[PDB]
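*Asks:* Take this structure first; my questions come after.
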Amino acid sequence: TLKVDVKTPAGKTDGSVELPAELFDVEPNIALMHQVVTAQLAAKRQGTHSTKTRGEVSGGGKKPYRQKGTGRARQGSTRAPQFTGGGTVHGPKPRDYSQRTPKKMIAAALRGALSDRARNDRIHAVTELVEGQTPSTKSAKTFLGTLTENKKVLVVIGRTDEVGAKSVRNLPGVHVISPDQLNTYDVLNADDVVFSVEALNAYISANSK
Amino acid sequence: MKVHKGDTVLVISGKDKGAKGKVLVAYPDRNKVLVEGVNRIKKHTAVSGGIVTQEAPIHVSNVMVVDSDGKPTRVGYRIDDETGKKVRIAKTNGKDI
RNA sequence: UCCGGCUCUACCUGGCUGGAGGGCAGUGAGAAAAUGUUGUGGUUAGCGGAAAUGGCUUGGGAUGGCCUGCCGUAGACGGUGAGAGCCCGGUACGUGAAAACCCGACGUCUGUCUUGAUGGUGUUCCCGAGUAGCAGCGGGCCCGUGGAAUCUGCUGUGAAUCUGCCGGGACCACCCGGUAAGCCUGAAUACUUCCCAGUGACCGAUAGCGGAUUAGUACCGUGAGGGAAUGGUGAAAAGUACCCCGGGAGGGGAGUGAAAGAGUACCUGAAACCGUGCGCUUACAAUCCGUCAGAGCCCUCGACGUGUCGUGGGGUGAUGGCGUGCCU
RNA sequence: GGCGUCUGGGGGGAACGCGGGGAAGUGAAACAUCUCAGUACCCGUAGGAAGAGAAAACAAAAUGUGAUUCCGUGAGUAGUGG
């Protein structure tokens, strides 16, 4: 197994948490994680890119002039693509880039990411980021400074820890997430991961059975 | 807009940094103010005067209102519920201005 | 549950109809309006909102760099004289509605039940008629008339009321299911002229709406209708006072500006195109216009020795050889 | 029919809806059936949604389901088709 020592904002130690090998000592698959984060960011991408074809452009209904006699090129609409002001032939249209990634692939990428972090000793666990009902970004900053000197941090906490979330929210290199929303992209963008104990055990109890 | 006509200010950004003056004019549509002794342009007129030196406006963000004791301040707003008047104050000393 | 009056008439006994306790619902499809009181319920204005005049340096200017601090439920986005969490609008967060409107809640109020239901026994009546069904012609169903059901329009014909009728893909029997020809019915669903807040591995002025600009304008057409082009000075107009040439335009000095190689013809300012100046070349020559060799001239870089030589580089090109554009 | 009075309508609106009417270019390497397509277009009508809707339904012998609508499948299948 691999043990993570729970910490406290007082620098104390509430105890320890076991990390299962099936979730934290799996071999990482770079190509898998690449595919998974690629799909993530593709789903993030909204295809809000559109253009007008020669049919959607205003006008261009009538032939500008006689087919023959003028010495001009043949035309059928002023909004044809070669025309300035004309339609876009093969241009962006709205499209959804969301890849239909398999669940096992997603989960395995997540586990590989967390396993890399655990092997390199970048997973920390804590009871709570700060004490009760007084969001203190000072306190959270100092605490995370004890836990890690890194810029990029992923804080995994329940949806009910509004106090800790808010306290650690405005920090620049911090990304807050819920364990039920854990993802390869955020875990890999993080240089360190910091669970709350309830959040960690929630991830454990969800991914065990 | 936290800086009014007649208010005394201190320029904090600009060529005239460190200079004080009365806000002679305020342009909220422009978020500018016109202060005595700063942003001194040399205007050409087609007249006696000729190259006459006058004051130009300046962005209100480049000025700070001065405290009672001669220190800059960001400007805050209490509420005088004893008269229902939202009044200005300094962030430094809390005194009205 | 109670009372009263009728219950043809008074008399005993069987139904109805008013009043009263109470339920049951309600502005709903299920009947309909009005009425108030009232919700830190909402929308339609907004307000507050922390933290650097920090030092040094560069700079026209600091929002740059280096170093100091500080806030952070606020490091979102913009602006400000150049990449600003701490200058500004603001943000997180929290507050705020007199009035109107919309959601509620409470009730007045309205309706209904309230003389009521309960559970049983055997015959007659009823259970949606020009309907169903049938035929003819058609439509549409996966089904293009096919063996063609179901559904459906028109025209004719035209029944049965429950042991009745319809459907179960011709049809018949059995069985099953259902109970047409009468009505209503929210939600899940589709859409966005318009309004608000936001986002973009969307365009960024020949793009993106036709329309960043006078835009459905100018303009064209009798008309329906068609349908453009036109963005950027600068940080701030500080938009060049004044003198000189000039009729003016335009310019030169001077000035502003950090910069006028930013002068309302203005950011950068390519090419085609047009010039001017310098070098070389060319007026006995037959030229896909160049290539290869190359005289001479000019320039340049090095060396030595002092101008000839080189591991040279370039521009020109006398002259000779070769040489029939690109695309389709 | 006339007179009077009262209540209402009339027209507009980008899209969506319901009911009706209903092409042709095209494709079939021709073309008429067929397709395009019940599209475009038109008409009449609305409502904020509409329509449909409470079985004269499905089903198949399962003690079956139990209004309607919509989505996905069933399935480009069964079938239909010069």
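Residue numbers start at 1 in each chain; chains themselves are named A, B, ... in the order of the structure tokens; ligands are numbered from 1 in the order shown.
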Taking only C-alpha atoms (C1' of nucleotides) into account and nothing else, which residues of chain B lie no more than 6 Å away from chain C? Please answer as a count of residues only.
*Replies:* 10
*Asks:* Extract, using only C-alpha atoms (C1' of nucleotides), all DNA, RNA and protein residues at most 10 Å from residue 26 (chain B), discarding same-chain residues fewer than 2 positions from it, and format them as a PyMOL selection string.
*Replies:* chain B and resi 1+3-6+23-24+28-35+57-60
*Asks:* Those same residues, written as a compact mmCIF listing (two decimals), in the first residue's frame with N, CA, C and O atoms?
*Replies:*
# COMPACT_ATOMS: atom_id res chain seq x y z
N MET B 1 -18.08 61.36 -8.55
CA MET B 1 -17.57 60.00 -8.83
C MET B 1 -16.37 59.73 -7.94
O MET B 1 -15.37 59.15 -8.37
N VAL B 3 -14.56 62.04 -6.80
CA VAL B 3 -13.71 63.22 -6.93
C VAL B 3 -14.58 64.33 -7.50
O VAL B 3 -15.12 64.19 -8.60
N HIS B 4 -14.71 65.42 -6.75
CA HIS B 4 -15.65 66.48 -7.06
C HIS B 4 -14.93 67.78 -7.30
O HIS B 4 -13.77 67.96 -6.92
N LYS B 5 -15.65 68.70 -7.92
CA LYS B 5 -15.20 70.06 -8.06
C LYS B 5 -14.93 70.66 -6.69
O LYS B 5 -15.71 70.48 -5.75
N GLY B 6 -13.81 71.36 -6.58
CA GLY B 6 -13.39 71.94 -5.33
C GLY B 6 -12.60 71.03 -4.44
O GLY B 6 -11.91 71.51 -3.54
N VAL B 23 -9.63 70.51 -7.88
CA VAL B 23 -10.38 70.06 -9.04
C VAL B 23 -11.23 71.23 -9.50
O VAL B 23 -12.26 71.54 -8.90
N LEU B 24 -10.80 71.89 -10.57
CA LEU B 24 -11.55 73.00 -11.10
C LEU B 24 -12.78 72.53 -11.84
O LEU B 24 -13.83 73.18 -11.79
N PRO B 28 -17.61 63.62 -15.78
CA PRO B 28 -17.89 62.21 -15.52
C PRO B 28 -18.18 61.40 -16.76
O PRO B 28 -17.92 60.20 -16.77
N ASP B 29 -18.74 62.02 -17.80
CA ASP B 29 -18.90 61.33 -19.07
C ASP B 29 -17.57 60.84 -19.61
O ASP B 29 -17.51 59.81 -20.29
N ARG B 30 -16.50 61.57 -19.32
CA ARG B 30 -15.15 61.21 -19.71
C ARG B 30 -14.36 60.55 -18.59
O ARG B 30 -13.30 59.98 -18.86
N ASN B 31 -14.86 60.60 -17.36
CA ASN B 31 -14.11 60.18 -16.18
C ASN B 31 -12.77 60.89 -16.13
O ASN B 31 -11.72 60.30 -15.89
N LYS B 32 -12.82 62.19 -16.36
CA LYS B 32 -11.67 63.07 -16.29
C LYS B 32 -11.96 64.20 -15.34
O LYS B 32 -13.10 64.44 -14.94
N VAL B 33 -10.91 64.91 -14.96
CA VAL B 33 -11.02 66.10 -14.14
C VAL B 33 -9.98 67.10 -14.61
O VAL B 33 -9.01 66.75 -15.28
N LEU B 34 -10.21 68.35 -14.25
CA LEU B 34 -9.35 69.46 -14.61
C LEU B 34 -8.89 70.14 -13.34
O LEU B 34 -9.72 70.68 -12.59
N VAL B 35 -7.58 70.13 -13.15
CA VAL B 35 -6.92 70.49 -11.90
C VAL B 35 -5.98 71.65 -12.17
O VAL B 35 -5.41 71.77 -13.26
N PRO B 57 -7.44 68.44 -19.06
CA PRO B 57 -8.00 67.45 -18.16
C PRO B 57 -7.01 66.35 -17.87
O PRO B 57 -5.88 66.32 -18.35
N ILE B 58 -7.47 65.41 -17.05
CA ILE B 58 -6.66 64.30 -16.60
C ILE B 58 -7.61 63.25 -16.06
O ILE B 58 -8.66 63.57 -15.51
N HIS B 59 -7.23 61.99 -16.23
CA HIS B 59 -8.09 60.92 -15.77
C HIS B 59 -8.18 60.93 -14.26
O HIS B 59 -7.18 61.10 -13.55
N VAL B 60 -9.40 60.74 -13.76
CA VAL B 60 -9.66 60.78 -12.34
C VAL B 60 -8.97 59.65 -11.61
O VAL B 60 -8.72 59.74 -10.41
*Asks:* Which one is closest to residue 78 (chain D): C:12, C:143, C:76, C:267? Count only C-alpha atoms (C1' of nucleotides).
*Replies:* C:143
*Asks:* Please give the complete set of residues from chain B that DSSP, run on the backbone, assigns to strand (DSSP E), formatted as a ChimeraX atom specification.
*Replies:* /B:8-11,20-27,32-35,40-44,51-55,57-59,63-66,72-73,75-77,88-90
*Asks:* Could you list, as JSON, numbers by chain, every residue of chain C that has an atom within 9 Å of an atom of chain A, counting only C-alpha atoms (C1' of nucleotides)?
*Replies:* {"C": [72, 73, 74, 75, 92, 199, 200, 201, 202, 203, 206, 207, 208, 210, 226, 227]}
*Asks:* Env of region 28-38 of chain A: 7 Å cut, atoms = only C-alpha atoms (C1' of nucleotides), seq-sep filter 5 positions within chain, self excluded. Answer as JSON, numbers by chain.
*Replies:* {"A": [105, 106, 109, 112, 113, 116, 184, 185]}
*Asks:* Using only C-alpha atoms (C1' of nucleotides), determine which residues lie at most 12 Å from residue 151 (chain A), disregarding the query and same-chain residues fewer than 3 positions distant; provide the list as a VMD selection string.
*Replies:* chain A and resid 141 144 to 145 147 to 148 154 171 to 175 189 to 193
*Asks:* Keeping only C-alpha atoms, take the residues you just selected and write them out as a PDB file, in the first residue's frame.
*Replies:*
ATOM      1  CA  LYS A 141      -2.392  30.166   1.469  1.00  0.00           C
ATOM      2  CA  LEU A 144      -0.895  25.120   1.157  1.00  0.00           C
ATOM      3  CA  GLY A 145       2.520  26.725   1.437  1.00  0.00           C
ATOM      4  CA  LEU A 147       1.996  21.346   2.091  1.00  0.00           C
ATOM      5  CA  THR A 148       3.724  22.354  -1.138  1.00  0.00           C
ATOM      6  CA  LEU A 154      -5.801  20.774  -7.203  1.00  0.00           C
ATOM      7  CA  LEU A 171      -5.429  31.822  -5.147  1.00  0.00           C
ATOM      8  CA  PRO A 172      -4.026  31.946  -8.675  1.00  0.00           C
ATOM      9  CA  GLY A 173      -2.551  28.524  -9.235  1.00  0.00           C
ATOM     10  CA  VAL A 174      -5.327  26.690  -7.421  1.00  0.00           C
ATOM     11  CA  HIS A 175      -8.182  24.745  -8.955  1.00  0.00           C
ATOM     12  CA  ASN A 189      -2.514  20.401 -14.719  1.00  0.00           C
ATOM     13  CA  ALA A 190      -1.930  20.197 -10.981  1.00  0.00           C
ATOM     14  CA  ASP A 191       1.604  19.872  -9.694  1.00  0.00           C
ATOM     15  CA  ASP A 192       0.120  18.817  -6.355  1.00  0.00           C
ATOM     16  CA  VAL A 193      -3.197  17.383  -5.225  1.00  0.00           C
TER      17      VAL A 193
END
